[PDB]
S.K.: 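For reference, the structure I am asking about is given below.
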Amino acid sequence: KXXXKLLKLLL
Amino acid sequence: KXXXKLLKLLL
Amino acid sequence: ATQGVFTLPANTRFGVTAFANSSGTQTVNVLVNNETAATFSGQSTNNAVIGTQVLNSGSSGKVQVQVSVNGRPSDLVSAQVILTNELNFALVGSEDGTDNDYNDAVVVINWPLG
Amino acid sequence: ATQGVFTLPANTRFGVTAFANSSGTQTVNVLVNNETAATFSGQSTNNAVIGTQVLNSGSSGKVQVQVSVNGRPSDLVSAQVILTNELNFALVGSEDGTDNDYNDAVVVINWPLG
Amino acid sequence: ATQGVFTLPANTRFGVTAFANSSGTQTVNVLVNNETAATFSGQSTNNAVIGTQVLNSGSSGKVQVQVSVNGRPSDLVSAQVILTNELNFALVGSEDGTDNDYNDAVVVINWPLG
Amino acid sequence: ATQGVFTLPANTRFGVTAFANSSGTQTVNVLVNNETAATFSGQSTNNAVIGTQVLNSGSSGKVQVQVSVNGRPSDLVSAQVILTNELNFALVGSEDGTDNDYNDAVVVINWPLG
Ligand SMILES: *C(=O)C[C@@H]1O[C@@H](C)[C@@H](O)[C@@H](O)[C@@H]1O
Ligand SMILES: *C(=O)C[C@@H]1O[C@@H](C)[C@@H](O)[C@@H](O)[C@@H]1O
Ligand SMILES: *C(=O)C[C@@H]1O[C@@H](C)[C@@H](O)[C@@H](O)[C@@H]1O
Ligand SMILES: [Ca+2]
Ligand SMILES: [Ca+2]
Ligand SMILES: [Ca+2]
Ligand SMILES: [Ca+2]
Ligand SMILES: [Ca+2]
Ligand SMILES: [Ca+2]
Ligand SMILES: [Ca+2]
Ligand SMILES: [Ca+2]
């Protein structure tokens with residue numbers, strides 16, 4: 001959920 | 001177990 | 001390596017059961033001989049059973065488990081274990097995120113049945 | 001060799017799920033630290049889930065599965081398997097008779113959860 | 001449950017390797033269709049390889065491992081694990097005494113070869 | 001998923017043994033907490049033992065197996081199996097080419113010893 005999920009997508 | 005026999009051989 | 005693909009004995013009934021442990025809705029596809037034979041879906045962070053079914057492995061015995069979460073295939077880990085040369089488990093874990101708990105959808109295949 | 005006994009990480013949530021494949025009604029006893037923490041009783045010859053529950057391994061981590069049929073203890077087989085150093089299965093099969101299919105109750109413990 | 005018996009694919013080469021961790025001299029017998037195909041013997045408390053060999057699984061593919069110490073059968077534990085639906089391990093531990101370490105002779109069977 | 005990484009108990013002696021089944025010369029590196037602790041090299045298409053050694057898992061318990069052929073990392077597959085809650089195997093297969101036999105170097109880690 002949340003943080004780690006968005007960062008994985010942006011990278 | 002087994003050390004009884006090897007010591008009998010070695011000593 | 002390829003993961004989540006198993007050769008079962010041909011023409012043999014087997015169970016397949018999926019559990020969910022993720023914020024994401026899991027979609028678990030079970031293919032037999034390269035065609036979808038069951039699809040389970042659901043969401044849980046407490047290991048809820050999201051599907052259980054008996055299937056037949058058919059003429060090829062080829063069973064494949066695929067897991068998708070928000071449109072992306074999850075990374076899979078798997079192995080088969082045999083106990084007392086009789087009781088078989090084909091096990092799958094899957095990771096939809098970054099924490100690498102590999103439990104986001106957990107799939108257990110077991111045979112023989114009955 | 002002792003079977004059905006596993007040391008989980010202490011104070012850790014785990015799933016336990018039991019499937020039945022026998023004419024006999026199966027009673028599955030799950031002990032945590034030598035005390036019964038869950039019991040499942042059911043009958044199926046088609047791999048039905050006769051129970052699923054989330055438990056906690058407690059301060060000792062000791063989990064034990066016992067299976068009986070009409071009060072007679074079934075013979076057990078088990079192993080633990082770890083995938084990608086993270087995803088854990090503790091697996092139990094049991095035999096209540098003489099055909100040695102070892103599926104009469106099948107019990108799968110998995111962790112981590114969440 | 002019976003331990004140390006595995007069904008390999010018929011007529012297939014496999015490796016068998018034994019290690020010793022005991023004060024007692026280990027005798028490991030490897031049977032292919034119920035006939036002795038190899039015997040390893042040695043003593044080590046430091047995991048020495050007491051034998052390694054390539055055998056053919058024969059007509060039936062049935063391979064059995066037996067372990068004795070000065071003629072007395074050890075208690076056996078075993079399982080088979082398949083990785084990526086291709087690489088097989090058949091694993092045996094054995095216990096000659098009272099400490100339940102099951103490493104007194106450890107036998108690993110692996111296939112395919114080549 | 002990461003493969004070939006295992007968390008052993010800290011300060012525990014373990015065996016590591018590697019077998020080769022490939023035309024390519026195999027290099028097996030065993031890291032203990034990210035520092036090379038042993039390296040085996042050899043070539044066989046007949047399951048020859050290319051090395052065996054006893055190591056200590058050290059303060060972290062982290063053991064990592066890396067396999068390369070002339071510096072090129074092979075694809076790895078792995079799992080850990082525990083029998084009778086006591087006997088541990090950490091298993092690695094590796095693929096240096098296209099045939100997916102995963103046996104090109106096979107690595108077995110076993111503990112406890114003695
Ligand atoms: C967020 O969506 C990530 C996701 O859900 C978390 C609750 C946790 O189960 C995590 O492992 C999973 O990848
Ligand atoms: C005899 O002493 C017991 C025997 O040898 C020990 C050194 C130890 O390896 C033990 O596990 C084995 O049963
Ligand atoms: C009879 O009670 C034996 C029993 O039930 C059978 C239907 C079959 O599942 C068998 O394996 C089980 O022991
Ligand atoms: Ca996750
Ligand atoms: Ca999760
Ligand atoms: Ca039965
Ligand atoms: Ca049955
Ligand atoms: Ca012992
Ligand atoms: Ca020992
Ligand atoms: Ca290869
Ligand atoms: Ca090969």
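Just so you know, ligand 1 is whichever comes first in the structure, and atom 1 is the first atom listed for that ligand. Each chain gets a letter, A, B and so on, in the order the sequences are listed, and its residues count up from 1. Below, each value reflects all heavy atoms present in this structure, side chains not excepted, and no hydrogens, waters or symmetry copies.
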S.K.: Side-chain donor-acceptor pair under 3.5 Å between D:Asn47 and C:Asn110, yes or no?
M.R.: yes
S.K.: So, using side chain to side chain contact (heavy atoms under 4.5 Å, CB included) as the criterion, who are the partners of E:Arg72 when residues are at least two apart?
M.R.: none
S.K.: Hey, are D:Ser41 and D:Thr27 close enough side-chain-wise for a donor-acceptor pair under 3.5 Å?
M.R.: yes
S.K.: Only counting residues at least two apart or in another chain, list the ones meeting side chain to side chain contact (heavy atoms under 4.5 Å, CB included) with C:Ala18.
M.R.: C:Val28, C:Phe40, C:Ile50, C:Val107
S.K.: Do E:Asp96 and E:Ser74 have a side chain donor and acceptor closer than 3.5 Å?
M.R.: no
S.K.: Sort by chain and number the protein N/O/S atoms that are closer than 3.0 Å to the Ca ion (ligand 6), and list them.
M.R.: D:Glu95 OE1, D:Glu95 OE2, D:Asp99 OD1, D:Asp101 OD1, D:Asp104 OD1, D:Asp104 OD2
S.K.: The Ca ion (ligand 7) to C:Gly114: any N/O/S contact under 3.0 Å?
M.R.: yes
S.K.: Taking side chain to side chain contact (heavy atoms under 4.5 Å, CB included) as the test, write out the residues that go with D:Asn88, two or more places apart.
M.R.: D:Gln80, D:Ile82, D:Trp111
